[PDB]
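Chemist: Input query_34.csv, format and content: CSV, N, CA, C and O atoms.
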```csv
chain,number,residue,atom,x,y,z
A,8,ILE,N,3.7,-1.8,-22.2
A,8,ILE,CA,3.2,-2.1,-20.9
A,8,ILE,C,3.8,-1.1,-19.9
A,8,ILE,O,4.9,-0.7,-19.9
A,9,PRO,N,2.8,-0.6,-19.0
A,9,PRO,CA,3.2,0.4,-18.0
A,9,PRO,C,4.1,-0.3,-16.8
A,9,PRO,O,4.3,-1.5,-16.8
A,10,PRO,N,4.5,0.6,-15.9
A,10,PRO,CA,5.4,0.2,-14.8
A,10,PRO,C,4.5,-0.5,-13.8
A,10,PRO,O,3.7,0.1,-13.1
A,11,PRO,N,4.8,-1.9,-13.6
A,11,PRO,CA,4.1,-2.7,-12.6
A,11,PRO,C,4.6,-2.4,-11.2
A,11,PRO,O,5.7,-2.0,-11.0
A,12,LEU,N,3.6,-2.5,-10.3
A,12,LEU,CA,4.0,-2.2,-8.9
A,12,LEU,C,5.2,-3.0,-8.5
A,12,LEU,O,5.8,-3.7,-9.3
A,13,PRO,N,5.7,-2.7,-7.2
A,13,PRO,CA,6.9,-3.4,-6.7
A,13,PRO,C,6.7,-4.9,-6.4
A,13,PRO,O,5.5,-5.3,-6.2
A,14,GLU,N,7.8,-5.6,-6.5
A,14,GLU,CA,7.7,-7.0,-6.2
A,14,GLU,C,6.9,-7.3,-4.9
A,14,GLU,O,7.2,-6.6,-3.9
A,15,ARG,N,6.0,-8.3,-4.9
A,15,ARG,CA,5.3,-8.6,-3.7
A,15,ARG,C,6.0,-9.6,-2.8
A,15,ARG,O,6.0,-10.8,-3.0
A,16,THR,N,6.8,-9.0,-1.9
A,16,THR,CA,7.5,-9.8,-1.0
A,16,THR,C,6.7,-10.3,0.2
A,16,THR,O,5.9,-9.5,0.7
A,17,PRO,N,6.9,-11.5,0.7
A,17,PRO,CA,6.2,-12.1,1.8
A,17,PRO,C,6.7,-11.5,3.1
A,17,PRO,O,6.0,-11.6,4.1
A,18,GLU,N,7.8,-10.9,3.1
A,18,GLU,CA,8.4,-10.3,4.2
A,18,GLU,C,7.5,-9.2,4.8
A,18,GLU,O,7.7,-8.7,5.9
A,19,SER,N,6.6,-8.8,3.9
A,19,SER,CA,5.6,-7.8,4.3
A,19,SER,C,4.9,-8.1,5.6
A,19,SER,O,4.5,-7.3,6.4
A,20,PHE,N,4.8,-9.4,5.8
A,20,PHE,CA,4.1,-9.9,7.0
A,20,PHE,C,4.9,-9.5,8.3
A,20,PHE,O,4.3,-9.6,9.4
A,21,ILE,N,6.1,-9.0,8.1
A,21,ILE,CA,6.9,-8.5,9.2
A,21,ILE,C,7.1,-7.0,9.1
A,21,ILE,O,7.4,-6.5,8.0
A,22,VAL,N,6.8,-6.3,10.2
A,22,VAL,CA,7.0,-4.8,10.2
A,22,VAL,C,8.3,-4.5,10.9
A,22,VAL,O,8.5,-4.9,12.1
A,23,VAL,N,9.1,-3.7,10.2
A,23,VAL,CA,10.4,-3.3,10.8
A,23,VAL,C,10.1,-2.3,12.0
A,23,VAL,O,9.4,-1.4,11.8
A,24,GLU,N,10.8,-2.6,13.1
A,24,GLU,CA,10.6,-1.8,14.3
A,24,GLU,C,11.5,-0.5,14.1
A,24,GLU,O,12.3,-0.3,15.0
A,25,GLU,N,11.2,0.2,13.1
A,25,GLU,CA,12.0,1.4,12.8
A,25,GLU,C,12.3,2.1,14.2
A,25,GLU,O,13.4,2.3,14.6
B,10,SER,N,-2.7,6.5,11.6
B,10,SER,CA,-2.9,7.9,12.1
B,10,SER,C,-1.6,8.7,12.0
B,10,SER,O,-0.9,8.7,13.0
B,11,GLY,N,-1.3,9.2,10.8
B,11,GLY,CA,-0.1,10.0,10.7
B,11,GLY,C,0.0,10.5,9.2
B,11,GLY,O,-0.4,11.6,8.9
B,12,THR,N,0.5,9.7,8.4
B,12,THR,CA,0.7,10.0,7.0
B,12,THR,C,-0.5,9.5,6.1
B,12,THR,O,-1.0,8.4,6.4
B,13,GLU,N,-0.9,10.3,5.2
B,13,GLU,CA,-2.1,9.9,4.3
B,13,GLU,C,-1.6,9.8,2.9
B,13,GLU,O,-0.9,10.7,2.4
B,14,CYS,N,-2.0,8.8,2.2
B,14,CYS,CA,-1.7,8.5,0.8
B,14,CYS,C,-3.0,8.5,0.0
B,14,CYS,O,-4.0,8.2,0.5
B,15,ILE,N,-2.8,8.9,-1.2
B,15,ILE,CA,-4.0,8.9,-2.1
B,15,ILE,C,-3.7,8.0,-3.3
B,15,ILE,O,-2.6,8.0,-3.9
B,16,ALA,N,-4.7,7.2,-3.7
B,16,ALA,CA,-4.6,6.3,-4.8
B,16,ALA,C,-4.8,7.0,-6.1
B,16,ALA,O,-5.8,7.8,-6.3
B,17,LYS,N,-3.8,6.8,-7.0
B,17,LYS,CA,-3.9,7.5,-8.3
B,17,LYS,C,-4.7,6.6,-9.3
B,17,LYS,O,-5.5,7.2,-10.0
B,18,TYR,N,-4.5,5.3,-9.2
B,18,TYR,CA,-5.2,4.4,-10.1
B,18,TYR,C,-6.1,3.5,-9.3
B,18,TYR,O,-6.1,3.5,-8.0
B,19,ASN,N,-6.8,2.6,-10.0
B,19,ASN,CA,-7.7,1.7,-9.3
B,19,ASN,C,-7.1,0.3,-9.4
B,19,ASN,O,-7.5,-0.6,-10.1
B,20,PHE,N,-6.0,0.1,-8.6
B,20,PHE,CA,-5.3,-1.2,-8.5
B,20,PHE,C,-6.1,-2.2,-7.7
B,20,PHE,O,-6.4,-2.0,-6.5
B,21,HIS,N,-6.5,-3.3,-8.3
B,21,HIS,CA,-7.2,-4.4,-7.6
B,21,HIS,C,-6.3,-5.1,-6.6
B,21,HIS,O,-5.2,-4.6,-6.4
B,22,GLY,N,-6.8,-6.1,-6.0
B,22,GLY,CA,-6.0,-6.9,-5.0
B,22,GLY,C,-5.1,-7.9,-5.7
B,22,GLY,O,-5.5,-8.6,-6.6
B,23,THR,N,-3.9,-7.9,-5.2
B,23,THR,CA,-2.8,-8.8,-5.7
B,23,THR,C,-2.4,-9.8,-4.7
B,23,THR,O,-2.0,-10.9,-5.0
B,24,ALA,N,-2.5,-9.4,-3.4
B,24,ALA,CA,-2.1,-10.2,-2.3
B,24,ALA,C,-3.2,-10.2,-1.3
B,24,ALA,O,-3.9,-9.2,-1.1
B,25,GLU,N,-3.3,-11.4,-0.6
B,25,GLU,CA,-4.4,-11.5,0.4
B,25,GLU,C,-4.2,-10.5,1.5
B,25,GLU,O,-5.1,-10.1,2.2
B,26,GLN,N,-2.9,-10.0,1.6
B,26,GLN,CA,-2.6,-9.0,2.6
B,26,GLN,C,-2.8,-7.6,2.1
B,26,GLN,O,-2.9,-6.7,2.8
B,27,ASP,N,-2.7,-7.5,0.7
B,27,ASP,CA,-2.9,-6.3,0.1
B,27,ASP,C,-4.4,-5.9,0.0
B,27,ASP,O,-5.2,-6.8,0.0
B,28,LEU,N,-4.7,-4.6,-0.1
B,28,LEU,CA,-6.0,-4.1,-0.1
B,28,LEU,C,-6.2,-3.2,-1.3
B,28,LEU,O,-5.4,-2.3,-1.5
B,29,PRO,N,-7.2,-3.5,-2.2
B,29,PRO,CA,-7.5,-2.6,-3.3
B,29,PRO,C,-8.1,-1.3,-2.9
B,29,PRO,O,-8.7,-1.2,-1.9
B,30,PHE,N,-7.9,-0.3,-3.8
B,30,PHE,CA,-8.4,1.0,-3.6
B,30,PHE,C,-9.0,1.6,-4.9
B,30,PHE,O,-8.9,1.0,-5.9
B,31,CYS,N,-9.7,2.8,-4.7
B,31,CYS,CA,-10.3,3.4,-5.8
B,31,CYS,C,-9.7,4.8,-5.9
B,31,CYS,O,-9.7,5.6,-4.9
B,32,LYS,N,-9.2,5.2,-7.1
B,32,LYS,CA,-8.5,6.5,-7.3
B,32,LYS,C,-9.3,7.5,-6.6
B,32,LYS,O,-10.5,7.7,-6.7
B,33,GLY,N,-8.6,8.3,-5.7
B,33,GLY,CA,-9.2,9.3,-4.9
B,33,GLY,C,-9.3,8.9,-3.5
B,33,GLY,O,-9.6,9.7,-2.6
B,34,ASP,N,-9.1,7.6,-3.3
B,34,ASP,CA,-9.2,7.0,-1.9
B,34,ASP,C,-8.0,7.4,-1.1
B,34,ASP,O,-6.9,7.5,-1.7
B,35,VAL,N,-8.2,7.6,0.2
B,35,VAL,CA,-7.1,8.0,1.1
B,35,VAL,C,-6.9,6.9,2.0
B,35,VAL,O,-7.8,6.3,2.6
B,36,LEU,N,-5.6,6.6,2.3
B,36,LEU,CA,-5.2,5.6,3.2
B,36,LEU,C,-4.1,6.1,4.2
B,36,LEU,O,-3.3,6.9,3.8
B,37,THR,N,-4.2,5.6,5.4
B,37,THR,CA,-3.3,6.1,6.4
B,37,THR,C,-2.2,5.0,6.7
B,37,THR,O,-2.6,3.8,6.9
B,38,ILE,N,-1.0,5.4,6.7
B,38,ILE,CA,0.1,4.5,6.9
B,38,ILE,C,0.1,4.0,8.4
B,38,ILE,O,-0.1,4.8,9.3
B,39,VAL,N,0.1,2.7,8.5
B,39,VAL,CA,0.1,2.1,9.9
B,39,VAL,C,1.5,1.4,10.2
B,39,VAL,O,1.9,1.4,11.3
B,40,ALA,N,2.1,0.9,9.1
B,40,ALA,CA,3.4,0.3,9.2
B,40,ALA,C,4.0,0.1,7.9
B,40,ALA,O,3.3,0.2,6.8
B,41,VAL,N,5.3,-0.1,7.9
B,41,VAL,CA,6.1,-0.3,6.6
B,41,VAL,C,6.4,-1.7,6.4
B,41,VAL,O,6.6,-2.4,7.4
B,42,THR,N,6.4,-2.2,5.2
B,42,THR,CA,6.8,-3.5,4.9
B,42,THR,C,8.3,-3.7,4.6
B,42,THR,O,9.0,-2.7,4.4
B,43,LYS,N,8.7,-4.9,4.4
B,43,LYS,CA,10.1,-5.2,4.1
B,43,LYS,C,10.5,-4.3,3.0
B,43,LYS,O,11.7,-3.9,3.0
B,44,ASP,N,9.6,-4.1,2.1
B,44,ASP,CA,9.9,-3.2,0.9
B,44,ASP,C,9.5,-1.8,1.2
B,44,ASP,O,8.6,-1.6,2.0
B,45,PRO,N,10.2,-0.9,0.5
B,45,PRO,CA,9.8,0.6,0.7
B,45,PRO,C,8.5,0.9,0.0
B,45,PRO,O,7.5,0.9,0.7
B,46,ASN,N,8.6,1.1,-1.3
B,46,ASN,CA,7.4,1.5,-2.1
B,46,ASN,C,6.2,0.8,-1.5
B,46,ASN,O,5.1,1.3,-1.5
B,47,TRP,N,6.4,-0.5,-1.0
B,47,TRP,CA,5.4,-1.3,-0.4
B,47,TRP,C,5.2,-0.8,1.0
B,47,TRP,O,6.1,-0.9,1.8
B,48,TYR,N,4.0,-0.4,1.3
B,48,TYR,CA,3.7,0.1,2.7
B,48,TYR,C,2.3,-0.4,3.1
B,48,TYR,O,1.4,-0.5,2.3
B,49,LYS,N,2.1,-0.7,4.4
B,49,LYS,CA,0.9,-1.2,4.9
B,49,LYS,C,0.1,0.0,5.6
B,49,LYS,O,0.6,0.7,6.4
B,50,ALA,N,-1.1,0.2,5.0
B,50,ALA,CA,-1.9,1.3,5.5
B,50,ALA,C,-3.3,0.8,5.8
B,50,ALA,O,-3.7,-0.3,5.4
B,51,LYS,N,-4.1,1.6,6.4
B,51,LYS,CA,-5.5,1.3,6.7
B,51,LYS,C,-6.5,2.2,6.0
B,51,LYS,O,-6.1,3.3,5.6
B,52,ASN,N,-7.7,1.7,5.8
B,52,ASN,CA,-8.7,2.5,5.1
B,52,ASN,C,-9.5,3.3,6.2
B,52,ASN,O,-9.4,3.0,7.4
B,53,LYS,N,-10.4,4.2,5.7
B,53,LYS,CA,-11.2,4.9,6.5
B,53,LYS,C,-12.3,4.0,7.1
B,53,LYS,O,-13.0,4.4,8.1
B,54,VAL,N,-12.4,2.9,6.6
B,54,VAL,CA,-13.4,1.9,7.0
B,54,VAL,C,-12.9,1.1,8.2
B,54,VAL,O,-13.6,0.3,8.8
B,55,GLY,N,-11.6,1.3,8.4
B,55,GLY,CA,-10.9,0.6,9.5
B,55,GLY,C,-10.2,-0.7,9.0
B,55,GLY,O,-9.8,-1.5,9.8
B,56,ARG,N,-10.2,-0.8,7.6
B,56,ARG,CA,-9.5,-1.9,7.0
B,56,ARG,C,-8.0,-1.8,7.0
B,56,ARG,O,-7.5,-0.7,7.1
B,57,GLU,N,-7.4,-2.9,7.1
B,57,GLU,CA,-5.9,-3.0,7.1
B,57,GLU,C,-5.4,-3.8,5.9
B,57,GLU,O,-5.8,-5.0,5.8
B,58,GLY,N,-4.5,-3.2,5.2
B,58,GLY,CA,-3.9,-3.9,4.0
B,58,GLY,C,-2.7,-3.1,3.5
B,58,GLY,O,-2.5,-2.0,3.8
B,59,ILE,N,-1.9,-3.8,2.6
B,59,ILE,CA,-0.8,-3.2,2.0
B,59,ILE,C,-1.1,-2.6,0.6
B,59,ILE,O,-2.0,-3.2,0.0
B,60,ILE,N,-0.5,-1.5,0.3
B,60,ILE,CA,-0.8,-0.9,-1.0
B,60,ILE,C,0.6,-0.4,-1.6
B,60,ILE,O,1.4,0.1,-0.9
B,61,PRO,N,0.7,-0.5,-3.0
B,61,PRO,CA,1.9,-0.1,-3.7
B,61,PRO,C,1.9,1.4,-3.8
B,61,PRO,O,1.0,2.0,-4.3
B,62,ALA,N,3.0,2.0,-3.3
B,62,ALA,CA,3.2,3.4,-3.3
B,62,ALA,C,3.3,3.9,-4.8
B,62,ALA,O,3.0,5.0,-5.1
B,63,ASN,N,3.7,2.9,-5.6
B,63,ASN,CA,3.9,3.2,-7.1
B,63,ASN,C,2.5,3.4,-7.7
B,63,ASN,O,2.3,3.7,-8.9
B,64,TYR,N,1.5,3.1,-6.9
B,64,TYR,CA,0.1,3.2,-7.3
B,64,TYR,C,-0.7,4.3,-6.6
B,64,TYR,O,-1.9,4.6,-6.8
B,65,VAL,N,0.0,4.9,-5.6
B,65,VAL,CA,-0.6,6.0,-4.8
B,65,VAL,C,0.5,7.1,-4.5
B,65,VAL,O,1.6,6.9,-4.9
B,66,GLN,N,0.0,8.1,-3.9
B,66,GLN,CA,0.9,9.2,-3.6
B,66,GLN,C,0.9,9.5,-2.1
B,66,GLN,O,-0.2,9.6,-1.5
B,67,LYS,N,2.0,9.7,-1.5
B,67,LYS,CA,2.1,10.0,-0.1
B,67,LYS,C,2.2,11.5,0.1
B,67,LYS,O,3.2,12.1,-0.2
B,68,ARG,N,1.1,12.1,0.7
B,68,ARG,CA,1.1,13.5,0.9
B,68,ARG,C,2.2,13.9,1.9
B,68,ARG,O,2.6,15.1,1.9
B,69,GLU,N,2.6,13.0,2.7
B,69,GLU,CA,3.6,13.2,3.7
B,69,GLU,C,5.0,12.8,3.1
B,69,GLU,O,5.9,12.3,3.9
```
Translate this structure into structure tokens?
Modeler:
Amino acid sequence: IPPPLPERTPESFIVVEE
Amino acid sequence: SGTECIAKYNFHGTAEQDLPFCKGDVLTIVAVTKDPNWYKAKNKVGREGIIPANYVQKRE
């Protein structure tokens, strides 16, 4: 099996104010 | 409107927030997600969704 994408975190709903 | 990424593979949709692409498709980064590799970009159609960097390449 190939390398699966990165873990799908729900925190994505939030954008870091870099 | 800044960094452009290109999809290497044809990864379908995995999350309602995520957006599928077609190898050769270009996406513009709009914001970054809690995760790195995981980034939120928009399509040329004006669509907004997250895409796995491990499935695309960032020209920038």
Chemist: Taking all atoms listed in the file into account, what are the residues of chain A at most 6 Å from chain B, put as a list in words?
Modeler: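 Every residue meeting the condition is included here: residues 10, 12, 13, 18, 19, 21, 22 and 23 of chain A.
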Chemist: Every residue with an atom at most 5 Å from (0.0, 7.0, -5.0) (file coordinates; all atoms listed in the file) is what I'm after, so could you write them as a PyMOL selection string?
Modeler: chain B and resi 15-17+62+64-67
Chemist: Suppose you want the space between atom O of residue 20 in chain A and atom O of residue 32 in chain B; what is it in Å?
Modeler: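 These atoms are spaced 27.9 Å apart.
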Chemist: What is the atom C of residue 16 in chain A-atom O of residue 11 in chain B distance in Å, reported with one decimal?
Modeler: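 Atom O of residue 11 in chain B lies 24.6 Å from atom C of residue 16 in chain A.
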Chemist: Just to confirm, what's the straight-line distance from atom C of residue 14 in chain A to atom C of residue 25 in chain B in Å (one decimal)?
Modeler: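 Distance reported for this atom pair: 13.2 Å.
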Chemist: Given all atoms listed in the file as the basis, pick out the residue of B:58, B:38, B:50, B:30 nearest to residue 12 in chain B.
Modeler: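 With all atoms listed in the file as the atom set, the closest residue is B:38.
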